[PDB]
Amino acid sequence: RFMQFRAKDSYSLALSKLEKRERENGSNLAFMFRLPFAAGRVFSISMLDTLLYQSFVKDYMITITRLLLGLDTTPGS
Amino acid sequence: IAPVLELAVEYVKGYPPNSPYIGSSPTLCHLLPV
Amino acid sequence: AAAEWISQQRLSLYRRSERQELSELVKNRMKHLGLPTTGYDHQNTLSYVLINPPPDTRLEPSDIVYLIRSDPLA
């Protein structure tokens, strides 16, 4: 929330209320509605831990991510 | 829109020579001639 | 037709093993330092120590026997 901070901005200040409501409903994607995150200005490495935990249920998730990132290059992909 | 069918200094292109670590997937890249 | 050669190197480099990865890294460093690649050219053996075996134990090839040699100057 602090990446591009406009203190005198009602919209960015109203997003805090939306983020708190989503956090009230037990949503794990609460930072989602922050403007810097939605525009791709910020990401955290903590998502990569979620990628690893997802691999216990989705053994393909790591491969798919690296294929999108170009980290692994399979001919014909 | 056409319908989808049921049936179907200049740079060199090569792999980076000195891979920094083991496991680095070789990607064909735009390379300097020298 | 250079793409055909690119595809050939792509499949070859995808099929290459980890041993080839380690070998080329050492060779890349060796040519950088100026040392010849040849001569760098694995350990399928098991070794152990038998302290004071009975006098009936059979001697095998490539066995190394620990010895206490008497003093040559004495």
# chains A, B, ... in the order shown; residues from 1 in each chain; ligands from 1
>>> interface_residues(of="chain C", to="chain A", cutoff="10 Å", atoms="only C-alpha atoms", output="PyMOL selection string")
chain C and resi 7+10-11+14
>>> interface_residues(of="chain B", to="chain C", cutoff="12 Å", atoms="only C-alpha atoms", output="ChimeraX atom specification")
/B:12-15,17-29
>>> select_by_dssp(residues="chain C", states="helix (DSSP H, G or I)", output="ChimeraX atom specification")
/C:2-15,18-33
>>> write_last_selection(atoms="C-alpha atoms", output="mmCIF file, in the first residue's frame")
data_model
loop_
_atom_site.group_PDB
_atom_site.id
_atom_site.type_symbol
_atom_site.label_atom_id
_atom_site.label_comp_id
_atom_site.auth_asym_id
_atom_site.auth_seq_id
_atom_site.Cartn_x
_atom_site.Cartn_y
_atom_site.Cartn_z
ATOM 1 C CA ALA C 2 19.689 -21.317 -40.339
ATOM 2 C CA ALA C 3 16.585 -22.166 -38.293
ATOM 3 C CA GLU C 4 17.185 -25.854 -39.046
ATOM 4 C CA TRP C 5 20.618 -25.609 -37.421
ATOM 5 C CA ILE C 6 19.113 -23.620 -34.538
ATOM 6 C CA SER C 7 16.516 -26.343 -33.975
ATOM 7 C CA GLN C 8 19.240 -29.007 -34.058
ATOM 8 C CA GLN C 9 21.244 -27.199 -31.374
ATOM 9 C CA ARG C 10 18.050 -26.580 -29.391
ATOM 10 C CA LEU C 11 17.131 -30.270 -29.193
ATOM 11 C CA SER C 12 20.749 -31.223 -28.481
ATOM 12 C CA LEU C 13 21.047 -28.674 -25.676
ATOM 13 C CA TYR C 14 17.696 -29.739 -24.193
ATOM 14 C CA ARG C 15 18.718 -33.416 -24.243
ATOM 15 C CA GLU C 18 23.872 -32.666 -15.911
ATOM 16 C CA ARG C 19 27.265 -34.361 -16.285
ATOM 17 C CA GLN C 20 27.707 -32.576 -19.614
ATOM 18 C CA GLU C 21 26.701 -29.339 -17.876
ATOM 19 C CA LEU C 22 29.384 -29.794 -15.216
ATOM 20 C CA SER C 23 31.972 -30.883 -17.787
ATOM 21 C CA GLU C 24 31.420 -27.852 -20.025
ATOM 22 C CA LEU C 25 31.560 -25.469 -17.052
ATOM 23 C CA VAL C 26 34.998 -26.792 -16.088
ATOM 24 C CA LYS C 27 36.157 -26.677 -19.710
ATOM 25 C CA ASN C 28 34.838 -23.125 -20.147
ATOM 26 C CA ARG C 29 36.813 -22.054 -17.079
ATOM 27 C CA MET C 30 39.897 -23.944 -18.279
ATOM 28 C CA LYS C 31 40.015 -22.271 -21.699
ATOM 29 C CA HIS C 32 39.429 -18.955 -19.927
ATOM 30 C CA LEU C 33 42.447 -19.593 -17.688
#
>>> residues_around(residues="range 41-58 of chain A", least_positions_apart="4", cutoff="12 Å", atoms="only C-alpha atoms", output="ChimeraX atom specification")
/A:1-4,28-29,31-32,34-37,62-66
>>> write_last_selection(atoms="C-alpha atoms", output="short mmCIF file (atom, residue, chain, number, x, y, z; two decimals), in the first residue's frame")
data_model
loop_
_atom_site.label_atom_id
_atom_site.label_comp_id
_atom_site.auth_asym_id
_atom_site.auth_seq_id
_atom_site.Cartn_x
_atom_site.Cartn_y
_atom_site.Cartn_z
CA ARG A 1 0.00 0.00 0.00
CA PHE A 2 3.00 2.31 0.51
CA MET A 3 4.50 2.04 -2.97
CA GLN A 4 2.94 5.18 -4.47
CA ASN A 28 -6.08 -14.38 1.12
CA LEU A 29 -6.01 -11.87 -1.78
CA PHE A 31 -3.61 -6.62 -1.09
CA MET A 32 -5.12 -7.27 -4.51
CA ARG A 34 -4.20 -1.78 -3.98
CA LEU A 35 -3.46 0.29 -7.07
CA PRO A 36 0.32 -0.38 -7.31
CA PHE A 37 -0.23 -4.15 -7.14
CA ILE A 62 5.90 -24.85 -10.89
CA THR A 63 6.44 -26.06 -14.46
CA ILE A 64 3.64 -23.85 -15.81
CA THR A 65 5.03 -20.75 -14.08
CA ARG A 66 8.57 -21.29 -15.41
#
>>> residues_around(residues="residue 21 in chain A", least_positions_apart="6", cutoff="10 Å", atoms="only C-alpha atoms", output="list in words")
residues 15, 27 and 30 of chain A
>>> closest_residue(among="A:5, A:70, A:23, A:77", to="chain B", atoms="only C-alpha atoms")
A:70
>>> atom_distance(atom1="CA of residue 10 in chain B", atom2="CA of residue 33 in chain B")
7.8 Å
>>> closest_residue(among="A:16, A:71, A:76, A:7", to="chain B", atoms="only C-alpha atoms")
A:71
